[PDB]
Amino acid sequence: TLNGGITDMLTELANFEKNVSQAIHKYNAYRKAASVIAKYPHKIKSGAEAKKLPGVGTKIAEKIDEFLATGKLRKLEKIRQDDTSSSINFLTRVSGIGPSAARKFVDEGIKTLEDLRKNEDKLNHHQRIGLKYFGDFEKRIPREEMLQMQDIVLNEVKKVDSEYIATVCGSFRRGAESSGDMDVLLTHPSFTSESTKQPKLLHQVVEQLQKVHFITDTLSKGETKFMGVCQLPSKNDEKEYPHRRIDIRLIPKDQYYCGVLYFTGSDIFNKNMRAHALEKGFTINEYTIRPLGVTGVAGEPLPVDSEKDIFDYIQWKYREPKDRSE
DNA sequence: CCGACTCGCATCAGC
DNA sequence: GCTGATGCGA
DNA sequence: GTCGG
Ligand SMILES: Cc1cn([C@H]2C[C@H](O)[C@@H](COP(=O)(O)NP(=O)(O)OP(=O)(O)O)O2)c(=O)[nH]c1=O
Ligand SMILES: [Mg+2]
Ligand SMILES: [Mg+2]
Ligand code: NA
Ligand code: NA
């Protein structure tokens, strides 16, 4: 990271606009600029140099020049001193508490960690578990642990039905040396885009993982998406592993490649690829890639037989998962 | 100059 | 209960 | 906040 200081500054500004200003497009603007600078293979010398990159306009160019000259940003220094901003930015770090709820909690005088802990009855379920594992959820997961978790999930899933296929995506599939959480794609031949020949396909998997005490908590749970908490087993006299966030996503089996492309990421890579898809006259979700008729409505799903096919349509060279970490 | 920047689950308002 | 919007998150 | 039209 040749420009770590610059990208940190931009990320912190992105978090401000998202959590405090509640301006999601400014959040995305700052995160795009941070991303494009992160992969820039030179140590940036000026805001003008950075301005040539796509996503870096005039305003960010000015802030880069201020940072390079002084090592600080006065706009950020003020934001850090603001109490409401500081309180909201902290509260939103609890999973389940977004910008809206964070601002509402502050109005009611709930703005610290002990505040949250004494007002548990004013949290919904997701928020209560997010508070419960606040410390754990901010810890990274070494790939070594990710490999153990993959081993458990894939085997427990096989025990339920051998026709399941569990694929670990996210930063792990991109080959990250450490991950923020675990992301699992799930397929079963009974569930396709044409029909669902078996009920509770995701349920049975979740229940099995609970049965062996891998899954410990549930944030949300529906037909196709599970969002919860898991933990590795520790041997005798060991300090326990931290509790980890786990997402499980059931996708129609015939729509695997669109699914695995989506969940592999990164999130900014997905935004860029889908934006590029639009400019090429296609639209992409986790299910399909569809053309746009000039009238502006999506047409019928095009044939997809690999991840590369999706790249081919929008005229991108194929990029390995390890080169999608934007 | 300025419109525009994919979806699942929880929860709530309105009927 | 159903529908559609909002919040939050992947 | 940025940018393509
Ligand atoms: C947050 C987010 C995620 N995704 C997709 C891309 C991610 O790689 C995938 C899993 O989300 P994640 O676990 O929050 N991101 P990650 O696995 O790439 O990185 P890490 O968990 O922080 O290590 O979901 C989106 O398509 N839009 C999003 O806004
Ligand atoms: Mg992840
Ligand atoms: Mg995740
Ligand atoms: Na630029
Ligand atoms: Na949060």
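Residue numbers begin at 1 in each chain, while the letters A, B, ... track the order of the sequences.
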Here the distance between atom P of D:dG1 and atom NZ of A:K26, to the nearest Å, is 3 Å
Can you measure A:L123 atom CG to B:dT11 atom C1' for me and round it to whole angstrom units?
15 Å
Within the structure shown, what part of the strands sits under 4.0 Å from A:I24 by heavy-atom distance: base, sugar-phosphate, or nothing?
nothing
According to ring pair (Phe, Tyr, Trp, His ring centres under 6.0 Å), who are the partners of A:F137, at least two apart in sequence or on a separate chain?
A:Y133
Please classify the nucleic acid contact of A:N28 as base, sugar-phosphate, or nothing, using heavy-atom distances under 4.0 Å.
nothing
With sugar-phosphate taken as primed atoms, P, OP1 and OP2 and all else as base, the protein-contact string of nucleotides 1-10 of chain C at under 4.0 Å (heavy atoms; B, S, -) is ------SSSB
Per A:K59 side chain, nearest of listed nucleotides D:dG1, B:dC7, B:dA10:
D:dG1
Cut-off 3.5 Å, side chains only: do A:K221 and A:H203 have a donor facing an acceptor?
yes
Do you know which two heavy atoms are closest between A:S95 and A:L219, and how far apart they sit?
OG-CD1, 4.1 Å
Figure out the NZ/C1' separation between A:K271 and B:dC7, and round it to whole Å.
14 Å
Whole-Å distance, A:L185 CG to B:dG8 P, equals 14 Å
Roughly, in whole Å, what's the span from CD in A:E62 to P in D:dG1?
10 Å
I'd like to check A:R80 versus A:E12 (side-chain heavy atoms, cut-off strictly below 4.5 Å). Are they in contact?
yes
Integer-rounded Å distance: B:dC5 P and A:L278 CG
7 Å
Starting at CG of A:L201, measure out to OG1 of A:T224 and round the result to the nearest 0.5 Å.
11.0 Å
Starting at CD1 of A:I268 and ending at P of B:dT6, how long is that distance when rounded to a whole Å?
16 Å
A:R93 to A:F134 six-membered ring, cation-pi geometry met (6.0 Å, 45°):
no
State which residue, out of A:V205, A:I165, A:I248, fulfils the side-chain contact (heavy atoms from CB on, under 4.5 Å) condition with A:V157.
A:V205
Would you call A:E326-A:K271 a salt bridge at under 4.0 Å N-O?
no
Starting at NE2 of A:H125 and ending at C1' of B:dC9, how long is that distance when rounded to a whole Å?
12 Å
For A:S220 and A:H25, find the nucleotide of DNA chain B closest to each by heavy atoms; which residue's nucleotide sits nearer the 5' end?
A:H25
Please write out the pairs of protein N or O atoms and N or O atoms of nucleotides 3-5 of chain D separated by less than 3.5 Å, giving the distance to one decimal.
| residue | atom | partner | partner atom | Å |
| --- | --- | --- | --- | --- |
| D:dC3 | OP1 | A:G55 | N | 2.9 |

How long is the span from the NZ atom in A:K51 to the NZ atom in A:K59, to the nearest 0.5 Å?
11.5 Å
